[PDB]
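The file protein.pdb contains PDB, N, CA, C and O atoms:
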ATOM      1  N   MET A   1       2.067  13.145  -4.343  1.00  0.00           N
ATOM      2  CA  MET A   1       2.054  14.003  -3.143  1.00  0.00           C
ATOM      3  C   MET A   1       2.298  13.114  -1.923  1.00  0.00           C
ATOM      4  O   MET A   1       2.448  11.907  -2.106  1.00  0.00           O
ATOM      5  N   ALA A   2       2.328  13.680  -0.710  1.00  0.00           N
ATOM      6  CA  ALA A   2       2.679  12.952   0.511  1.00  0.00           C
ATOM      7  C   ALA A   2       1.802  11.733   0.777  1.00  0.00           C
ATOM      8  O   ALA A   2       2.219  10.762   1.405  1.00  0.00           O
ATOM      9  N   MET A   3       0.601  11.784   0.223  1.00  0.00           N
ATOM     10  CA  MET A   3      -0.367  10.699   0.199  1.00  0.00           C
ATOM     11  C   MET A   3       0.297   9.390  -0.250  1.00  0.00           C
ATOM     12  O   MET A   3      -0.026   8.321   0.262  1.00  0.00           O
ATOM     13  N   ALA A   4       1.235   9.464  -1.199  1.00  0.00           N
ATOM     14  CA  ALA A   4       1.948   8.292  -1.685  1.00  0.00           C
ATOM     15  C   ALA A   4       2.698   7.591  -0.541  1.00  0.00           C
ATOM     16  O   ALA A   4       2.691   6.360  -0.444  1.00  0.00           O
ATOM     17  N   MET A   5       3.332   8.389   0.325  1.00  0.00           N
ATOM     18  CA  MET A   5       4.126   7.921   1.449  1.00  0.00           C
ATOM     19  C   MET A   5       3.196   7.500   2.586  1.00  0.00           C
ATOM     20  O   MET A   5       3.395   6.452   3.195  1.00  0.00           O
ATOM     21  N   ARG A   6       2.156   8.295   2.848  1.00  0.00           N
ATOM     22  CA  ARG A   6       1.081   7.920   3.762  1.00  0.00           C
ATOM     23  C   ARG A   6       0.630   6.495   3.436  1.00  0.00           C
ATOM     24  O   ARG A   6       0.606   5.626   4.305  1.00  0.00           O
ATOM     25  N   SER A   7       0.310   6.254   2.165  1.00  0.00           N
ATOM     26  CA  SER A   7      -0.218   4.982   1.702  1.00  0.00           C
ATOM     27  C   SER A   7       0.831   3.873   1.794  1.00  0.00           C
ATOM     28  O   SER A   7       0.521   2.785   2.278  1.00  0.00           O
ATOM     29  N   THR A   8       2.068   4.120   1.340  1.00  0.00           N
ATOM     30  CA  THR A   8       3.120   3.107   1.471  1.00  0.00           C
ATOM     31  C   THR A   8       3.256   2.705   2.941  1.00  0.00           C
ATOM     32  O   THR A   8       3.259   1.520   3.263  1.00  0.00           O
ATOM     33  N   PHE A   9       3.314   3.686   3.845  1.00  0.00           N
ATOM     34  CA  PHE A   9       3.457   3.423   5.267  1.00  0.00           C
ATOM     35  C   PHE A   9       2.258   2.616   5.768  1.00  0.00           C
ATOM     36  O   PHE A   9       2.421   1.540   6.339  1.00  0.00           O
ATOM     37  N   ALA A  10       1.050   3.126   5.510  1.00  0.00           N
ATOM     38  CA  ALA A  10      -0.207   2.501   5.900  1.00  0.00           C
ATOM     39  C   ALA A  10      -0.348   1.089   5.330  1.00  0.00           C
ATOM     40  O   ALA A  10      -1.123   0.301   5.864  1.00  0.00           O
ATOM     41  N   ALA A  11       0.387   0.751   4.266  1.00  0.00           N
ATOM     42  CA  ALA A  11       0.533  -0.630   3.845  1.00  0.00           C
ATOM     43  C   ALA A  11       1.574  -1.352   4.709  1.00  0.00           C
ATOM     44  O   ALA A  11       1.277  -2.384   5.316  1.00  0.00           O
ATOM     45  N   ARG A  12       2.806  -0.837   4.761  1.00  0.00           N
ATOM     46  CA  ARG A  12       3.934  -1.533   5.373  1.00  0.00           C
ATOM     47  C   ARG A  12       3.782  -1.737   6.884  1.00  0.00           C
ATOM     48  O   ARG A  12       4.480  -2.589   7.424  1.00  0.00           O
ATOM     49  N   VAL A  13       2.851  -1.051   7.560  1.00  0.00           N
ATOM     50  CA  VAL A  13       2.439  -1.464   8.906  1.00  0.00           C
ATOM     51  C   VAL A  13       2.151  -2.972   8.957  1.00  0.00           C
ATOM     52  O   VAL A  13       2.531  -3.646   9.911  1.00  0.00           O
ATOM     53  N   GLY A  14       1.453  -3.482   7.937  1.00  0.00           N
ATOM     54  CA  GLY A  14       1.012  -4.866   7.847  1.00  0.00           C
ATOM     55  C   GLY A  14       1.760  -5.645   6.766  1.00  0.00           C
ATOM     56  O   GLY A  14       1.781  -6.873   6.809  1.00  0.00           O
ATOM     57  N   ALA A  15       2.302  -4.952   5.757  1.00  0.00           N
ATOM     58  CA  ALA A  15       2.920  -5.490   4.542  1.00  0.00           C
ATOM     59  C   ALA A  15       1.853  -5.984   3.577  1.00  0.00           C
ATOM     60  O   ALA A  15       1.693  -5.481   2.469  1.00  0.00           O
ATOM     61  N   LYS A  16       1.085  -6.923   4.098  1.00  0.00           N
ATOM     62  CA  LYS A  16      -0.138  -7.523   3.576  1.00  0.00           C
ATOM     63  C   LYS A  16      -0.881  -6.677   2.521  1.00  0.00           C
ATOM     64  O   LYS A  16      -1.044  -7.121   1.382  1.00  0.00           O
ATOM     65  N   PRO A  17      -1.313  -5.462   2.853  1.00  0.00           N
ATOM     66  CA  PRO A  17      -1.891  -4.486   1.946  1.00  0.00           C
ATOM     67  C   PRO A  17      -1.284  -4.416   0.553  1.00  0.00           C
ATOM     68  O   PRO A  17      -1.976  -4.317  -0.454  1.00  0.00           O
ATOM     69  N   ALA A  18       0.030  -4.463   0.528  1.00  0.00           N
ATOM     70  CA  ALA A  18       0.866  -4.303  -0.658  1.00  0.00           C
ATOM     71  C   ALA A  18       1.286  -5.626  -1.303  1.00  0.00           C
ATOM     72  O   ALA A  18       2.151  -5.618  -2.175  1.00  0.00           O
ATOM     73  N   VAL A  19       0.672  -6.747  -0.918  1.00  0.00           N
ATOM     74  CA  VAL A  19       0.981  -8.056  -1.513  1.00  0.00           C
ATOM     75  C   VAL A  19      -0.235  -8.963  -1.664  1.00  0.00           C
ATOM     76  O   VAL A  19      -0.419  -9.648  -2.668  1.00  0.00           O
ATOM     77  N   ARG A  20      -1.025  -8.981  -0.610  1.00  0.00           N
ATOM     78  CA  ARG A  20      -2.293  -9.685  -0.470  1.00  0.00           C
ATOM     79  C   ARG A  20      -3.413  -8.731  -0.868  1.00  0.00           C
ATOM     80  O   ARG A  20      -4.282  -9.097  -1.654  1.00  0.00           O
ATOM     81  N   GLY A  21      -3.388  -7.504  -0.337  1.00  0.00           N
ATOM     82  CA  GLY A  21      -4.316  -6.465  -0.772  1.00  0.00           C
ATOM     83  C   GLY A  21      -4.105  -6.214  -2.263  1.00  0.00           C
ATOM     84  O   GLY A  21      -4.941  -6.584  -3.086  1.00  0.00           O
ATOM     85  N   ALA A  22      -2.940  -5.679  -2.632  1.00  0.00           N
ATOM     86  CA  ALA A  22      -2.502  -5.588  -4.018  1.00  0.00           C
ATOM     87  C   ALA A  22      -2.069  -6.967  -4.528  1.00  0.00           C
ATOM     88  O   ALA A  22      -0.925  -7.150  -4.937  1.00  0.00           O
ATOM     89  N   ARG A  23      -2.988  -7.937  -4.503  1.00  0.00           N
ATOM     90  CA  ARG A  23      -2.843  -9.180  -5.239  1.00  0.00           C
ATOM     91  C   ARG A  23      -3.108  -8.854  -6.717  1.00  0.00           C
ATOM     92  O   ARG A  23      -2.166  -8.714  -7.494  1.00  0.00           O
ATOM     93  N   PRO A  24      -4.370  -8.662  -7.104  1.00  0.00           N
ATOM     94  CA  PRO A  24      -4.782  -7.902  -8.258  1.00  0.00           C
ATOM     95  C   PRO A  24      -4.733  -6.415  -7.866  1.00  0.00           C
ATOM     96  O   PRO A  24      -3.923  -6.009  -7.035  1.00  0.00           O
ATOM     97  N   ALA A  25      -5.617  -5.592  -8.427  1.00  0.00           N
ATOM     98  CA  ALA A  25      -5.561  -4.138  -8.282  1.00  0.00           C
ATOM     99  C   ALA A  25      -6.262  -3.628  -7.013  1.00  0.00           C
ATOM    100  O   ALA A  25      -6.495  -2.426  -6.886  1.00  0.00           O
ATOM    101  N   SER A  26      -6.621  -4.504  -6.071  1.00  0.00           N
ATOM    102  CA  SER A  26      -7.409  -4.154  -4.898  1.00  0.00           C
ATOM    103  C   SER A  26      -6.553  -3.441  -3.841  1.00  0.00           C
ATOM    104  O   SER A  26      -6.326  -3.958  -2.749  1.00  0.00           O
ATOM    105  N   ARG A  27      -6.109  -2.225  -4.162  1.00  0.00           N
ATOM    106  CA  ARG A  27      -5.486  -1.295  -3.235  1.00  0.00           C
ATOM    107  C   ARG A  27      -6.036   0.093  -3.568  1.00  0.00           C
ATOM    108  O   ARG A  27      -7.248   0.281  -3.615  1.00  0.00           O
ATOM    109  N   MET A  28      -5.150   1.052  -3.801  1.00  0.00           N
ATOM    110  CA  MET A  28      -5.476   2.439  -4.104  1.00  0.00           C
ATOM    111  C   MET A  28      -4.359   3.017  -4.978  1.00  0.00           C
ATOM    112  O   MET A  28      -4.317   2.774  -6.182  1.00  0.00           O
ATOM    113  N   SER A  29      -3.435   3.768  -4.382  1.00  0.00           N
ATOM    114  CA  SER A  29      -2.237   4.305  -5.007  1.00  0.00           C
ATOM    115  C   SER A  29      -1.256   4.575  -3.871  1.00  0.00           C
ATOM    116  O   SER A  29      -1.669   4.611  -2.713  1.00  0.00           O
ATOM    117  N   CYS A  30       0.031   4.723  -4.178  1.00  0.00           N
ATOM    118  CA  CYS A  30       1.079   4.698  -3.170  1.00  0.00           C
ATOM    119  C   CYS A  30       2.425   4.985  -3.813  1.00  0.00           C
ATOM    120  O   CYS A  30       2.534   5.035  -5.036  1.00  0.00           O
ATOM    121  N   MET A  31       3.440   5.163  -2.964  1.00  0.00           N
ATOM    122  CA  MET A  31       4.832   5.186  -3.390  1.00  0.00           C
ATOM    123  C   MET A  31       5.262   3.767  -3.785  1.00  0.00           C
ATOM    124  O   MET A  31       5.961   3.589  -4.781  1.00  0.00           O
ATOM    125  N   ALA A  32       4.855   2.773  -2.994  1.00  0.00           N
ATOM    126  CA  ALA A  32       5.069   1.359  -3.227  1.00  0.00           C
ATOM    127  C   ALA A  32       4.053   0.615  -2.365  1.00  0.00           C
ATOM    128  O   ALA A  32       3.770  -0.568  -2.640  1.00  0.00           O
TER     129      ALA A  32
END

Let me see the structure of the file written as C-alpha cells.
Amino acid sequence: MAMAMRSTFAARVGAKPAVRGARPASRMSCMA
C-alpha cells in the first residue's frame, strides 16, 4: 500500500535509514 512509498521517501530524505538503518533488519518495510 502507499505506506511502502511513504517509507521509501521517509528513508531517502536521509538515505541512511535504508543503508545504515537497514544494515541488518533494523528498519520496517518499504518500497525500497

Picked from chain A by DSSP as helix (DSSP H, G or I), as an MDAnalysis selection string: chainID A and resid 3:12 16:18

Two-atom distance - CA of residue 16 in chain A, CA of residue 30 in chain A (Å):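 Between these atoms lies a distance of 14.0 Å.
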
Who sits within 8 Å of residue 31 in chain A, only C-alpha atoms, same chain under 5 positions skipped, as a VMD selection string: chain A and resid 4 to 5 7 to 8

Surrounding residues of residue 28 in chain A excluding itself and chain neighbours under 6 positions, 8 Å, all atoms listed in the file, as a count of residues only: 3

Atomic distance CA of residue 24 in chain A - CA of residue 6 in chain A, expressed in Å with one decimal: 20.7 Å

Point-to-point distance in Å for atom O of residue 27 in chain A and CA of residue 13 in chain A: 15.9 Å
